[PDB]
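Same chain, two versions here, written out as structure tokens and called structure 1 and structure 2.
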Structure 1
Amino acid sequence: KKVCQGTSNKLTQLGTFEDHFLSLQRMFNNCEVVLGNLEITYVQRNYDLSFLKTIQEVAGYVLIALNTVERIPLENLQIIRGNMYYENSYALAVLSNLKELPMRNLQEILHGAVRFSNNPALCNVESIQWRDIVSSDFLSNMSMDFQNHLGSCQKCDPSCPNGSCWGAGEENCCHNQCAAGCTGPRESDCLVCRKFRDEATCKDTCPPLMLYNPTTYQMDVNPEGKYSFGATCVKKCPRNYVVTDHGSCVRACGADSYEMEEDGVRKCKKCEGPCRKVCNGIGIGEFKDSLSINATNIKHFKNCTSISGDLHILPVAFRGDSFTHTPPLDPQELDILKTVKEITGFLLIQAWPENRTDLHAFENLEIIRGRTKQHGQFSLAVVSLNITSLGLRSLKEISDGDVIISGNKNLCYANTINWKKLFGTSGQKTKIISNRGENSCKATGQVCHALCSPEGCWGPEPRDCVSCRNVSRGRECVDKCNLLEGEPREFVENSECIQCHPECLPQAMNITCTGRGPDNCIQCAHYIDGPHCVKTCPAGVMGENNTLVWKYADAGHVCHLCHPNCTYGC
């Protein structure tokens, strides 16, 4: 079947009726299956709309509105799946049009209801018995209203059952694994499959890429497994499409996900934290002649993770500047910068909200690359702020440029840091001048935590350490991991407390896991299938030769097999 993309422009009219139609034709010319929604709109009168006859199937919704053309020959449209809805919960919508809508082959609507209103020239359609088409679940939302001038039309041939027909002529008058009638009882006798399809055979789901192997308790990849490209199953996704995280092919990757490439097939892995977004710094491109982050441009930094260029925060931002017509920046909006991890240029901070204590907004900043430097000198400059600690706890590298920190009368710590450990370029130097005296900081316990190493701290809390005295639970330094005790039970990997698998029972006066997996803990907390402390036995998971493998419980909570007879589980 020939495939086109579909449309979701709704009631919009793209330019001239000619330009609109010309692009409508371009989309659906010679098209058999519509992957998206079908939208026929603003079609002029006496327009050759006979090309619509090719369309056999629609995945999304069908919208026909604002048309004055006499005929709309959807003569071979067999099925509307209704994977998306136009408005409310309609799969088919015919609104404010049109004389002839001969949908003689429309046998099944898999999901959604139907709407007819304001079609003063429509004929015959009001006689169709929708109960044979729409699933009884969608009946409750049906909205059928046919009304015309007087409604003078042609009459259904007597051949028709109960006088129900789409138009003139006698030509206008199964079950499992199917949804478009049948030419007999089988998988193959279907003009349109139900759930999915693969080489004439209909199915409930495409053969899963991976299958459970009771002969090993491990997961093995079924070579007789295909993806799912819309309603069909494909051995390999078509061109430019990409594999989701549940087997299907799709055009481009999700918003909370990104594209990788295992072997040759391009796949979609979920983003580890906020997906990467590179944005332009100050004094470049979108902001070539901008002086700093102001009230105007700050919003363009939303969702940014990387910055190509520099980042300026000057007094003018908080004052506002009339000459450029830009208000005084609201300091709260600086939180937008919380998602930035990388700065390729330099970071300059000559201003900062007085009521804030540290450079909170950069608590996640990891690297300053200093490819560009202030006065060709500074990669990081923090000057004359009121802040008490810097708070760059995620900062792990300043690869080039000099670091200048001065005039912050209240700034403690800072000198506690070994900046060499961050530097990567030779000759990088640090000027830490005219801040809060060390002895003054001692006087008020403004001192690195006992749980910090001697490498210093970005602040007073234990999460502010450079490195940890003993070990680290996430971002925090701690005395010891939850070995034996503790609510979340843990094991140590590289001086770093790691959480035991959830489905592992704690233990009295003894450890409760050895590794990150379920096959690495003494006693299960729920069930047990082989080495794997599972939370619930596998009951229904497919395996080799397509056989639903079931498993039962036990008094000892061990997952035992069920007799091959049981097809629903013991």
Structure 2
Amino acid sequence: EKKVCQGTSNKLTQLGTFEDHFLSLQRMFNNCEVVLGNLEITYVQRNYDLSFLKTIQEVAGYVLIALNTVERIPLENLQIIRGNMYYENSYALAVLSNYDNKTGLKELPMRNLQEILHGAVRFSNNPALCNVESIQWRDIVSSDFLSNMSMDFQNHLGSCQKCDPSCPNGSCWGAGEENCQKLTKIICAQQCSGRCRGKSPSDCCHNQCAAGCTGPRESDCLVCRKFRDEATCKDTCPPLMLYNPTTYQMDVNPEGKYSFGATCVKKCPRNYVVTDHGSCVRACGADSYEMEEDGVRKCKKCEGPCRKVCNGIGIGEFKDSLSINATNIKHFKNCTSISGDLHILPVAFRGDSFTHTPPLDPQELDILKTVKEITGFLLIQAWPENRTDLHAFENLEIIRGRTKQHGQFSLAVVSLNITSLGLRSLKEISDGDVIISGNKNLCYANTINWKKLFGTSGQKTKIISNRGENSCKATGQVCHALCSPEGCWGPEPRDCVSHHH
């Protein structure tokens, strides 16, 4: 199997500084060959090195390359863009503005980009873009999308080299013979039902081949069109159940495999869970939740411990919303599991004129008292100074951290006015770092044995700049005498992590 990453879903938003953004990009796509989500390259500057991108072979979602000023972006081996998710509802590849004068994004040598399964392409305002105006997109993009193609190439820099004469129709991704465009679709024969290796009908590729092939069989594809077995491309993974026509009954298939992205895998990897349709998801999120059945994670319908599943901020009906609001809070009524992330921001308590959102009444936070599970992360960057702890999450039991804040933190208590955390029911933080900082009145945070809550090896804690340990000792605000060395969420015996109430 290939080395995989998740990608990003930030669009044209910047993180921190240029160095911070570049650190996030590099730390996300380091040695990534299969991007399960979207490949977003934004705000790469000056002489920043991007040669770690040469390992990327396929992207499932879209590829957004915009607002950069680096002269080179070496996506030299990006073979296919599956386009399972579009950008601005149209494009699977979007090379938007990338000029500073006329210098920046000159070489885009995507030599092996030959398939865009879904969506269109948009090149818009790239003065230094050099050899992309020469590419025939009829070979790469499906015909169904050739109407939505918004190609723009008006070059102000005018310093671009000429294509190699060996490139057919002068079509090259960059200068040189290696940068010639490889036509594997529009230079085929009428007998070829898909891609091909050459003009003769003997060079047709298998139907399950995408972006060309090396032989005629289904184990010779460059990249599979649908699903990849160990070595064979298939239209579907081996089903988990097979129809028995003698007993008229669905039997268990011993060679069944779940769908992990575009591969067929005997077992869903960590931080993923099977569904009822035989596909690995990052987290159950419709009307289901995670269960340990047959010693394996499964998505089971909301019954028993689960009472109601609700979307987190950012997706679902809470999509394009920034935090929990006077209008958001009501829909969180009696939810027990959050399918996604949780955001609490100062704009929630100050209100927002741009969204016609009045201030959030603090008492309404009590609605979250039924939440016992969060698949994503919990981010609290604002809290009623009147309150002394996180009493809204008194019964919160587990944070899975399937989606993490900036790809790192699954819990983030920042700049609150609380004195204790009060997470009495919290018992598991599956994956993701924990940061607790700026809470100048918070005391017992450093007492907790966070290793007892972590499930994944390597999870870090950044608990700094709260209230001094000696300052809380000289005030009696310490863990109760009934507590255990594992720490406490507050001063009460019900706040101990062990020997609790």
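FYI, numbering is relative to structure 1, first residue = 1. By rigid core we mean the largest C-alpha set that fits within 1.5 Å across both forms.
**Q** Superposing on the rigid core, I want to see if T296 changes position between structure 1 and structure 2 - specifically a Cα shift of 2 Å or more.
**A** Yes, shifts by 2 Å or more.
**Q** Taking the rigid core as reference, does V383 move its C-alpha 2 Å or further between structure 1 and structure 2?
**A** Shift of 2 Å or more: yes.
**Q** Based on C-alpha superpositions, what is the rotation angle in degrees of the smaller rigid part between structure 1 and structure 2?
**A** Rigid-part rotation, C-alpha based: 119 degrees.
**Q** Mind pulling the C-alpha shift for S257 between structure 1 and structure 2, with the rigid core superposed, in Å?
**A** Its alpha carbon moves by 2.1 Å.
**Q** Rigid core superposed, I'd like the Cα shift of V221 between structure 1 and structure 2 in Å.
**A** That residue's C-alpha sits 1.1 Å away in the other form.
**Q** Give me the C-alpha shift of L150 between structure 1 and structure 2, core superposed, in Å.
**A** Between its two positions, the C-alpha of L150 lies 5.4 Å apart after core fitting.
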